[PDB]
Each structure stands twice: as structure tokens, then as C-alpha cells.
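> Please read through the structure below; I'll follow up with questions.
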Amino acid sequence: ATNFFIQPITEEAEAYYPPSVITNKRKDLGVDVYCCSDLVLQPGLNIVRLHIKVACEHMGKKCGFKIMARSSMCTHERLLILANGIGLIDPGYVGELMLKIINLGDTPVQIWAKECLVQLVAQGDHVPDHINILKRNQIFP
Amino acid sequence: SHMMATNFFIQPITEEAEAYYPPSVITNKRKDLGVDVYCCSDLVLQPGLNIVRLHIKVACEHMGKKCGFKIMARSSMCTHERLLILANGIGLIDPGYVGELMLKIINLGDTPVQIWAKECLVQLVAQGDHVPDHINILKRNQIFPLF
Amino acid sequence: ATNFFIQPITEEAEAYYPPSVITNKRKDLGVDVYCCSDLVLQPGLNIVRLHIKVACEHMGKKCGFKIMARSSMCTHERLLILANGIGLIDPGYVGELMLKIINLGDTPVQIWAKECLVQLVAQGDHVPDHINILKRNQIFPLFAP
Ligand SMILES: O=c1ccn([C@H]2C[C@H](O)[C@@H](COP(=O)(O)O)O2)c(=O)[nH]1
Ligand SMILES: O=c1ccn([C@H]2C[C@H](O)[C@@H](COP(=O)(O)O)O2)c(=O)[nH]1
Ligand SMILES: O=c1ccn([C@H]2C[C@H](O)[C@@H](COP(=O)(O)O)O2)c(=O)[nH]1
Ligand SMILES: [Mg+2]
Ligand SMILES: [Mg+2]
């Protein structure tokens with residue numbers, strides 16, 4: 001009914017997205033995605049790449065989805081917000097997912113490749129059945 | 001296929017909340033998407049991140065199954081003299097959560113600002129943006145199975 | 001299945017919303033919407049009118065929609081966000097769309113009438129099939145109380 005397809009673009013992303021078919025059994029709404037690189041976020045705006053191409057599918061038809069902050073993105077010591085509130089991904093988009101993150105604080109803050117700052121939410125808030133992680137060399141299903 | 005039922009269940013947790021949530025069934029005949037929700041207590045929010053308890057337990061139900069909901073700011077939250085925004089753009093609550101609902105509010109200004117018990121800074125929106133049919137305001141001292 | 005109806009309220013809106021029917025051939029989720037006049041946004045809160053009445057309809061029934069920033073609204077030289085994150089428009093609202101924009105920088109920033117800072121997204125995120133731009137000088141029952 002509702003499935004995601006994630007393809008790592010970079011060598012760094014490959015370390016975090018080994019090819020795999022995840023069945024979403026706890027029925028999580030959002031698909032957490034990694035930073036894939038350590039980065040230092042300056043006060044103000046930061047362009048943050050997510051190292052992945054993503055396709056979402058609902059009832060067998062390619063559909064859009066939304067990039068949303070995870071609850072832990074903003075903590076007391078890290079005042080980080082998604083510049084656009086919600087990242088709206090149109091079904092026709094086939095490029096790399098990109099983030100704009102504002103560090104509202106006065107000093108830089110460190111993020112680690114292992115962290116998931118944001119989550120992918122299918123158009124319509126449909127809970128995903130499967131999350132397909134494709135090979136870098138692979139071909140989008 | 002054609003028409004589904006969507007309902008919210010709000011249960012007050014504190015004595016302050018009982019003032020704003022008398023046991024009641026609210027019918028949503030205006031077909032508003034969101035469910036306004038009170039602060040219940042006067043609070044001073046410091047610059048930066050503030051964790052605000054909402055004094056309620058919330059369940060959302062769609063087609064008879066417990067579902068998630070979304071916390072969204074109301075227009076009244078941010079005023080010229082009170083630069084307030086929801087921390088995570090939109091709050092995302094999973095159906096399994098049965099704790100007290102909490103806001104993450106960022107005070108963007110340099111000075112402390114006040115929120116007041118009677119204000120609704122935020123509204124609850126069912127997973128998938130379904131218009132609620134009923135808002136059930138449950139008695140405080142009750143055991144309810146959906147929680 | 002899912003249609004937007006946009007009606008310009010002001011003469012400034014008419015500069016950007018000529019009467020026409022737009023097809024959404026790319027199947028984008030959002031409907032880009034213009035500022036309609038040049039504005040100076042001071043540091044802190046700014047109330048910004050959008051000069052339009054909008055109705056959304058899905059499967060023959062009036063529904064809600066959401067105002068969302070476009071990723072181009074915020075750049076290194078203009079630190080702009082929507083105060084409310086997402087603007088929730090109830091299916092019964094038939095007045096002018098209004099925006100609360102926070103300029104997080106320390107200096108006024110200039111936005112131009114032709115820029116589209118936000119987009120409209122149907123309730124439930126349904127892809128729009130048609131975007132109808134209605135004539136200003138007309139009363140339409142979809143916008144009745
Ligand atoms: O946070 C975001 C928002 C959008 N996009 C991509 C997918 C969209 O289809 C495309 C154009 O978006 P606007 O510039 O029209 O918002 O950019 C992102 O990668 N990240
Ligand atoms: O804005 C929010 C986000 C989350 N939660 C609840 C639901 C989650 O299951 C639980 C854990 O969230 P963190 O401790 O990760 O914030 O808190 C809230 O009450 N408000
Ligand atoms: O950014 C926004 C949010 C809301 N509204 C309109 C549509 C809503 O139905 C109405 C009341 O919304 P609150 O004041 O309840 O957010 O205001 C806007 O014009 N712009
Ligand atoms: Mg309201
Ligand atoms: Mg677009």
C-alpha cells in the first residue's frame with residue numbers, strides 16, 4: 001500500500017544505508033534519515049545535504065512526501081529548526097534531498113553522522129509498509 | 001470507502017485543567033480541522049527552548065482505530081511583542097503515546113514573555129488532516145482504555 | 001478530484017492573477033502564491049496579506065488546506081520563517097489569506113511582488129488537478145458564509 005525507496009548517493013551514505021528491505025512492524029509514521037556526515041552548524045542558516053535519493057509510493061503510484069523534524073532536533077543546547085517548517089517533496093522530484101537548518105543559537109553546534117535530525121512522512125500521513133534501501137549502483141524500482 | 005469517523009479524546013490531568021475542560025462532548029459543526037487546546041496555567045517562558053506541559057492526555061481515533069495527530073501553532077501564539085514559535089515546525093505525536101502532552105516552544109526574543117492560562121497557542125490535527133466529528137472531553141478521575 | 005480556486009481581492013493581486021485555468025501537469029503538491037506587492041520586512045514579526053481568497057475542493061466537497069514555506073523563502077541573506085510553521089486554513093474560511101512572517105535577521109529585508117514565498121497544499125496533501133483563477137469582479141458561491 002505505502003512504501004519508501006531510499007538510495008544513497010555518496011560513499012558516506014553507503015555506510016549508513018546497506019541494501020535491505022525493512023518491514024515497518026512497529027508501524028512508525030516517519031522514516032528517520034541520517035546526516036551521514038559530521039557537520040558544524042554555524043549560527044544562522046546552514047545548507048545540509050541528506051546524501052540520498054528517495055521515492056515514495058502509495059497504492060502503487062509514485063507520490064510526494066514531507067521532511068519533518070524529529071522531536072530531538074531542537075534541544076536546550078541546540079536551537080535548530082527546519083527553515084521551511086516542513087520540507088515538501090513533490091512526486092516529480094528525483095534529486096538529492098536537501099535541508100535548510102537554522103541554528104538559532106549564538107555559537108556553532110556539532111552534529112554527528114549517526115544522528116537523524118529529520119524524518120520522512122508520506123503524502124497523506126500514510127504509515128509505510130516497507131522501506132526499501134537500494135544499492136548506490138542500483139536502479140530505482 | 002466514502003465517509004469515515006474521526007474523534008479526539010481529551011482528558012484533563014491537573015486541577016488547573018479542570019477549569020477549561022469540563023466533562024463534555026463537543027460537536028464540530030463548523031468542520032474546523034484543528035482542536036484548540038488551552039495553556040491552563042500562566043507561565044513565563046525564558047529566551048530559548050521551553051517545555052510546556054499542556055495538562056491533558058490526548059487520544060485521536062480514525063475509523064475506530066487509534067491514530068497519530070499533529071500539533072500545530074495557532075496564529076495567536078506569535079505577537080509583535082512575543083516572538084514564539086513551535087520548536088519542531090509541527091509536533092508529531094504517535095498513537096502509542098499515553099503520557100501528558102507537552103509543547104516545545106522557542107522564545108526567539110531577548111526577554112521573558114508570558115503565556116496565559118486561557119490562551120490556546122496551538123491546535124491538534126488528526127493524522128492525515130481528517131476533520132474531527134466529535135471532541136470528547138473526559139472526566140479527570142477516570143480510567144479510559146484508549147489511554 | 002482536487003481543485004483550487006483563487007480569486008484576487010485587490011488590484012495588486014490582479015497584476016499576478018489573470019483569469020485562467022491552470023493545469024498541474026508536473027503533479028506538484030503545492031500551489032505557489034505571490035506576495036503581490038513589494039514589502040520591507042522588519043526584524044521580528046511582520047503581518048503580510050496575500051491579496052487573495054482561496055477555496056479548495058476534493059471529491060466535490062470544500063476542504064481545508066495548509067500554507068507552507070517554499071524552500072526559497074529563507075536564504076543566507078534573508079532569514080525568514082512562517083511564525084506558525086504551517087498555516088492551517090479551515091474549510092469554512094472564505095476571507096483573505098494572511099501571513100505572519102518573522103525576519104530573524106538584524107536588518108530589514110526586501111521582498112518583491114513577483115516572488116512566491118509560500119505554497120498552498122490541500123488537506124490530506126492531495127495533488128491539485130486544476131488551479132482556477134477567478135475574476136476579481138464577481139461573487140462566487142464557493143466563498144459564501
Ligand atoms: O526542504 C526541502 C524542500 C524541497 N526540496 C526539493 C523537493 C521539491 O520538489 C523541490 C522544489 O521545492 P521549492 O523550491 O519549490 O520549495 O526541492 C528539498 O530537497 N528539501
Ligand atoms: O511536541 C511534542 C513531541 C513529543 N511529545 C511526546 C510524544 C513522544 O512519544 C514523547 C517522547 O518525546 P521526546 O522525549 O523525544 O521529546 O513525547 C510531546 O508531548 N510533544
Ligand atoms: O497563516 C494563517 C493561518 C490561519 N489563517 C486563517 C484561516 C483560519 O481558518 C483562520 C483562523 O485561524 P487561527 O487564528 O485559529 O490559527 O485564519 C490565515 O489566513 N493565515
Ligand atoms: Mg481556529
Ligand atoms: Mg514547487
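Residue numbers start at 1 in each chain; chains themselves are named A, B, ... in the order of the C-alpha cells; ligands are numbered from 1 in the order shown.
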Taking only C-alpha atoms and all ligand atoms into account, which residues are within 10 Å of ligand 2, as an MDAnalysis selection string?

(chainID A and resid 70:75) or (chainID B and resid 51:54 56:58 68 70:72 86:105)

> Please determine the contact residues of chain B with respect to chain C at a cut-off of 6 Å, counting only C-alpha atoms, and supply them as an MDAnalysis selection string.

chainID B and resid 32:33 73 80 85 89 128:129

> Within 12 Å of chain C, which residues of chain A show up when using only C-alpha atoms, listed as an MDAnalysis selection string?

chainID A and resid 42:47 58 62:69 81:93 97:105 121:126

> Can you measure atom CA of residue A:49 to atom CA of residue A:136 for me? One decimal in Å is fine.

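We find that atom CA of residue A:49 and atom CA of residue A:136 lie 16.3 Å from each other.
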
> Neighbours of residue C:2 within 7 Å (only C-alpha atoms; same-chain residues fewer than 5 positions away dropped), as a ChimeraX atom specification?

/C:57-59,126-129

> Filtering to C-alpha atoms, could you give me those residues as a compact mmCIF listing (two decimals), in the first residue's frame?


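Generated file (again.txt):
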# COMPACT_ATOMS: atom_id res chain seq x y z
CA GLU C 57 -12.28 21.25 -3.11
CA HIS C 58 -11.63 17.50 -3.01
CA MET C 59 -14.07 14.93 -4.46
CA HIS C 126 -3.87 15.68 -2.41
CA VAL C 127 -2.18 16.71 -5.67
CA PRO C 128 -4.23 19.51 -7.30
CA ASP C 129 -5.70 18.69 -10.69
